[PDB]
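What follows is a single structure, written as structure tokens, with notes after it.
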Amino acid sequence: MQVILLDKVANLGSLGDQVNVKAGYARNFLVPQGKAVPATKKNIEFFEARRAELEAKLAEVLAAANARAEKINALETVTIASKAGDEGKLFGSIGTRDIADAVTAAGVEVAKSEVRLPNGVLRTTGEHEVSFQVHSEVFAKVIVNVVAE
Amino acid sequence: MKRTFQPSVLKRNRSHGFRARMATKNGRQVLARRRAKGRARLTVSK
Amino acid sequence: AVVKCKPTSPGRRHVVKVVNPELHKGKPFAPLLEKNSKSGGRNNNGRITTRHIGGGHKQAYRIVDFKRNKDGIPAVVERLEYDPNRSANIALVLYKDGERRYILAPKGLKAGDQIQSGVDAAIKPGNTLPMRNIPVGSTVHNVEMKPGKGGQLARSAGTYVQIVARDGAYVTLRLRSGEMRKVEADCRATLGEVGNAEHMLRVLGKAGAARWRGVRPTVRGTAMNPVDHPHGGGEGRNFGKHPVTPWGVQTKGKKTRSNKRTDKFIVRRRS
Amino acid sequence: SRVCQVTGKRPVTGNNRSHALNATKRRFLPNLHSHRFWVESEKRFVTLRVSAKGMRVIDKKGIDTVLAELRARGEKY
RNA sequence: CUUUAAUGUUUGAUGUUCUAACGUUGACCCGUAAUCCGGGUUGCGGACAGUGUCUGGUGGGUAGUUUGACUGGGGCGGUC
RNA sequence: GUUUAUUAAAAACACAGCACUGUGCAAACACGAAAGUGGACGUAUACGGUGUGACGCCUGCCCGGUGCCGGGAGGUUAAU
RNA sequence: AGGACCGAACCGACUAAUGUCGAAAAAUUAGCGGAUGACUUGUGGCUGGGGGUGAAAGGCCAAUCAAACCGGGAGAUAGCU
């Protein structure tokens with residue numbers, strides 16, 4: 001399927017290139033998320049007219065805003081006190097709900113889907129590293145030290 | 001010697017009554033056929 | 001206790017009874033009861049879908065709490081009761097907050113025993129905890145397929161499962177059938193073994209005993225005519241055919257599991 | 001029923017012929033599936049029971065155009 | 001041409017990971033005094049399962065049929 | 001105890017018990033073009049199928065053939 | 001306590017005789033089995049024909065069952081009377 005790309009696709013993203021893609025890939029991922037628009041002999045003239053450069057800056061500022069946001073908290077440290085068990089066996093596994101809420105209350109205002117946990121769900125008690133992706137090409141590292149209560 | 005026919009008004013009406021026929025389309029066709037034949041008694045009427 | 005009754009008359013000679021002196025001698029707890037209309041093996045189409053079902057004593061349904069979601073509330077075992085719907089006895093438990101509930105009774109329970117749920121619970125039998133907090137190698141019962149589903153394994157009298165290994169977020173359990181199944185660590189389980197382990201020692205004695213238990217007579221395929229069963233026909237007990245189900249499927253050693261969806265959670269099969 | 005909501009494909013009866021040309025009545029079924037399509041005009045997902053051919057039709061045309069035709073057909077989606 | 005090897009091409013089998021199709025007879029909220037159904041949030045599986053078209057195997061579970069004539073009755077045997 | 005209402009009440013059928021086999025729960029299986037329902041508001045000390053038929057002594061040898069279960073060296077093998 | 005014992009109602013039908021254009025399209029008379037249970041019964045529901053139901057006889061499904069009844073294809077076909 002010949003489609004025009006808006007966002008930077010890591011593999012074949014080139015700002016509106018007539019590059020074939022699987023129908024399922026565009027149908028289920030690109031179009032619903034706004035990363036591309038189906039163009040068939042009608043929007044090509046339109047893309048090169050108003051999408052050619054007008055939205056290029058609009059897309060870029062989103063990346064610039066994301067880069068600004070992820071540096072809001074220079075400390076980049078998260079401390080949460082949990083009533084862990086006796087010698088391990090933390091009370092209960094916690095994912096993104098509590099940590100995101102605490103960070104939002106005091107720290108960086110970020111959405112739920114932004115937080116990614118590469119080291120499980122924080123089972124063991126101690127120091128852990130969490131990779132935050134506010135953009136495809138922007139990755140952030142945050143150290144979390146859960147302390148037993 | 002118990003015989004096949006053991007009368008019961010409630011069972012007769014609820015089985016072959018007018019409203020029983022109208023419930024289904026097959027019963028409605030039964031009434032339609034008997035109207036065409038001109039039968040005086042459309043169904044078993046109490 | 002197992003008691004052998006004297007052969008005062010035929011039908012009592014082979015009766016072996018199981019008597020539990022601590023079972024409650026009275027009516028059950030009404031608020032937790034519900035009517036249980038029999039079906040006789042018929043489905044919504046009115047046809048017989050399961051054979052050899054019908055009749056039997058009327059029995060009410062006890063709402064047994066399998067989920068065990070009352071976290072952090074200590075509870076006390078009021079009494080043990082006979083449940084007609086289950087092989088295992090149930091226990092009526094009163095929570096500190098004034099709520100009564102029914103739970104499966106493990107082997108160790110007795111009147112006045114203390115039980116607790118939630119992760120912040122002890123290791124004594126009757127307490128329910130997520131399987132992540134349960135030490136490996138312990139015996140549990142009433143295990144959950146999925147978090148919050150309720151509990152489906154080791155529910156009969158004298159049944160249990162073994163926790164053998166814990167990898168990542170999944171746990172491996174050995175079921176009473178000798179099969180190893182992989183379950184999520186978030187699922188809850190109850191420590192200990194289901195009680196009434198002597199329930200398997202009864203023999204029912206006579207034909208009427210199975211009759212008022214809801215079971216109807218079973219007719220052998222050979223006794224039937226060819227038009228009714230794949231077996232049957234001929235003079236003088238002729239078989240000359242491979243055993244098969246009434247609908248033609250080959251029984252006596254043919255595997256019928258065709259799921260391809262839950263196979264990822266099966267580590268070993270029965271042997 | 002097994003009717004595609006886009007192309008209108010419905011099961012069609014037919015024959016199946018053996019080597020001996022024996023004819024037995026069969027039925028051809030459309031390749032229907034339940035799919036959720038994202039519509040930007042109304043900003044939500046719409047579930048349609050559409051065939052594989054219909055899904056190709058939706059891709060070639062616009063989802064908005066197909067929805068308009070469905071509305072003109074007089075059947076709720 | 002026989003004998004071998006750097007980058008790029010078609011690639012297909014296998015393996016790992018991901019989520020956005022799809023499944024959910026998991027939980028929670030709403031329509032709603034509702035164990036149906038739908039929508040929403042989340043969890044778990046996940047391109048698997050399942051379904052359509054085509055195709056190999058199995059298939060008395062079911063169906064339609066066939067199973068000759070002569071003959072010192074017929075059958076058996078023999079013959080055509 | 002049940003059975004050929006209306007020529008067969010029995011040694012037939014059932015039976016408690018016994019064994020084999022299938023089934024991990026969206027269970028096997030059954031009725032349904034499907035939804036769905038029974039199994040079961042049960043889950044392996046449970047459920048379905050099959051044979052034998054209380055109880056006591058027991059139940060020997062044979063895997064060639066046909067089924068069923070497992071294997072993969074090699075050969076043959078459809079659609080495409 | 002008991003699918004315990006004897007025995008009426010009640011349920012069933014082992015033997016004999018009568019009756020076979022009968023009082024009766026399976027009965028009567030005299031005996032006979034069970035009779036607190038796998039019992040029996042009233043009322044009302046559910047299962048529909050290649051289907052149901054069946055402690056299994058090819059039994060029963062309105063006096064009809066190795067495929068009910070009614071209408072239709074249909075004036076089926078009949079090398080036979």
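A, B, ... follow the sequence lines: proteins, then strands. Residue 1 opens every chain.
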Against the side chain of C:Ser156, the closest entry in G:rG2, F:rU23, F:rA46 is F:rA46

Stretch residues 1-36 of chain D: residues that reach within less than 4.0 Å of RNA chain F through a heavy atom: D:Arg2, D:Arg27

Go through the structure and list residues passing side chain to side chain donor-acceptor pair (under 3.5 Å) with D:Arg44, not counting sequence neighbours. D:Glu42

Does a side-chain N-to-carboxylate-O contact under 4.0 Å join C:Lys146 and C:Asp186? no

List in numerical order all residues of residues 43-51 of chain C for which some heavy atom is under 4.0 Å away from an atom belonging to RNA chain F. C:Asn43, C:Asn44, C:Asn45, C:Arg47, C:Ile48, C:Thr49, C:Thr50, C:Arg51

Applied to residues 213-222 of chain C, the side-chain hydrogen bond (donor to acceptor under 3.5 Å, both in side chains) test, sequence neighbours excluded, yields C:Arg220-C:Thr222

Tell me which residues in residues 163-189 of chain C lie within less than 4.0 Å of RNA chain G, going by non-hydrogen atoms. none

Atom pairs and distances, donor-acceptor, side-chain atoms in residues 231-246 of chain C, under 3.5 Å, two or more places apart:
{"residue": "C:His231", "atom": "NE2", "partner": "C:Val244", "partner atom": "N", "Å": "3.3"}
{"residue": "C:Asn238", "atom": "ND2", "partner": "C:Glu235", "partner atom": "O", "Å": "3.2"}
{"residue": "C:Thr245", "atom": "OG1", "partner": "C:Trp247", "partner atom": "N", "Å": "3.4"}
{"residue": "C:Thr245", "atom": "OG1", "partner": "C:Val249", "partner atom": "N", "Å": "3.0"}
{"residue": "C:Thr245", "atom": "OG1", "partner": "C:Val249", "partner atom": "O", "Å": "3.3"}

Please tabulate, for the side chains in residues 47-59 of chain D, all donor-acceptor contacts under 3.5 angstrom to protein atoms that are two or more places apart in sequence or on a different chain.
{"residue": "D:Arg49", "atom": "NH1", "partner": "D:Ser1", "partner atom": "O", "Å": "3.4"}
{"residue": "D:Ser51", "atom": "OG", "partner": "D:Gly54", "partner atom": "N", "Å": "3.1"}
{"residue": "D:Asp59", "atom": "OD2", "partner": "A:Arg27", "partner atom": "NH1", "Å": "2.8"}

Can you give me the dot-bracket string for RNA chain E, 5' to 3', counting Watson-Crick and G-U wobble pairs with both distances under 3.5 Å, using [ ] for crossing pairs and | for partners on another strand? .....................(((.((((((.....)))))))))......................(((.......)))

Side-chain donor/acceptor pairs under 3.5 Å, residues 155-162 of chain C, sequence neighbours excluded:
{"residue": "C:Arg155", "atom": "NH1", "partner": "C:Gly151", "partner atom": "O", "Å": "3.0"}
{"residue": "C:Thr159", "atom": "OG1", "partner": "C:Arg155", "partner atom": "N", "Å": "3.4"}
{"residue": "C:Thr159", "atom": "OG1", "partner": "C:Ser156", "partner atom": "N", "Å": "3.3"}
{"residue": "C:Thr159", "atom": "OG1", "partner": "C:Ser156", "partner atom": "O", "Å": "2.6"}

Please name all residues satisfying side-chain contact (heavy atoms from CB on, under 4.5 Å) with A:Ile94, sequence neighbours left out, ordered by chain then number. A:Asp98

Going by atom types only, do C:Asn259 and C:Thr262 share a side-chain donor-acceptor pair under 3.5 Å? yes

Tell me, which of residues 139-153 of chain C have any heavy atom that sits under 4.0 Å from an atom in RNA chain F? C:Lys149, C:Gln152, C:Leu153

Output side-chain donor-acceptor pairs under 3.5 Å for residues 51-65 of chain C, partner residues at least two apart or in another chain, one line each.
{"residue": "C:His52", "atom": "ND1", "partner": "C:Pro217", "partner atom": "O", "Å": "3.3"}
{"residue": "C:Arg62", "atom": "NH1", "partner": "C:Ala60", "partner atom": "O", "Å": "3.3"}
{"residue": "C:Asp65", "atom": "OD1", "partner": "C:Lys67", "partner atom": "N", "Å": "3.1"}
{"residue": "C:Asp65", "atom": "OD1", "partner": "C:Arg68", "partner atom": "N", "Å": "2.5"}
{"residue": "C:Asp65", "atom": "OD2", "partner": "C:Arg101", "partner atom": "NH1", "Å": "2.5"}

Tell me whether G:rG48 is paired to G:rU29 (Watson-Crick: purine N1 to pyrimidine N3 plus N6-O4 or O6-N4; or G-U wobble; cut-off 3.5 Å). no

